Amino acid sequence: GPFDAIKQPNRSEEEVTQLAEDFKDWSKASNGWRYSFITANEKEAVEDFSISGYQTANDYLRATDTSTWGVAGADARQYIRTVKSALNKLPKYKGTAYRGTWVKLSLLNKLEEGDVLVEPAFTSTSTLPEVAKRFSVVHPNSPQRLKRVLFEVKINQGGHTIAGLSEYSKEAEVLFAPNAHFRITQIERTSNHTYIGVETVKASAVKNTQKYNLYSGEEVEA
């Protein structure tokens, strides 16, 4: 089965921890000329994104109405600009990654191979399926019907490692700037869980398919 490896249980703590440390070391080692230009504010913004920053940033990005945010809105906009700037200075990652999440059942029921999913927030992934799984275990209180999803993401563009600035974790994290587009290559719906193979695509290259907002579930105009 295409998702057998990720349906199976996890590798040992020792191995997962080692793989994450290896990925952190690789990430630091792959810092390039763009990295010399990373500012103090950029470094800090990214360092704290994984702990707390993502909660405000992603909320802002997914909000239907930010008119009410006041000073918080100016702050969130600044933070987002700062993290986006930093991300472009960090090393690219290409290969497979994973994302554990929740999705509206109403959206899941529409999805087919070839459809494109657009995430309005930043998109967090891990190179380690063990890490990704941890994020489909509980969700905040929610008024909609949500289902667990495990994404297997083929990354050929857009993903940058933040693991070289995440000293407190073993998360092997690869982050995407807002509005990342992912084309569905395979979907399996089994025993109340959903496994979705996706590939990164350039938004300007998407043609003659259906795009969906991954968070709201609403169609996104071609």
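Numbering starts at 1 and follows the sequence shown.
Student: If you look at the other compared entries where the surrounding residues are built, does residue 33 lack coordinates in a third or more?
Tutor: Counting only entries that model residues on both sides, residue 33 is unresolved in at least a third of them.
Student: Do a third or more of the other compared entries leave residue 182 out of the model?
Tutor: Looking at the other entries that model residues on either side of it, residue 182 is present in every one.
Student: Do the CA atoms of 36-44 or those of 149-157 have the higher mean B-factor in the entry?
Tutor: On average, C-alpha B-factors are higher across 36-44.
Student: Look up the CA B-factors in the entry and say which stretch, 126-134 or 85-93, has the higher mean.
Tutor: The deposited B-factors put 85-93 ahead on the C-alpha mean.
Student: Which one of 30, 179, 194, 56 shows the biggest C-alpha B-factor in the PDB entry?
Tutor: Max CA B-factor in the entry, restricted to 30, 179, 194, 56: 30.
Student: Looking at 73, 120, 114, 143, which has the highest Cα B-factor in the entry?
Tutor: The record points to 143.
Student: Can you tell me whether residue 205 has a C-alpha B-factor in the lowest, middle or highest third compared with the other modelled residues of the same chain?
Tutor: Its C-alpha B-factor, which the entry lists for residue 205, ranks in the highest third among residues of this chain.
Student: Sorting the chain's modelled residues by C-alpha B-factor, tell me whether residue 60 ends up in the lowest, middle or highest third.
Tutor: It falls in the bottom third of the chain.
Student: Ranking the modelled residues of this chain by C-alpha B-factor as given in the entry, is residue 165 in the lowest, middle or highest third?
Tutor: For residue 165, the deposited C-alpha B-factor lands in the highest third.
Student: What third of the chain, by the recorded C-alpha B-factor, contains residue 77?
Tutor: Lowest third, going by the recorded CA B-factors of the chain.
Student: In terms of the chain's CA B-factor thirds, is residue 110 lowest, middle or highest?
Tutor: Tercile = highest for this residue's CA B-factor.
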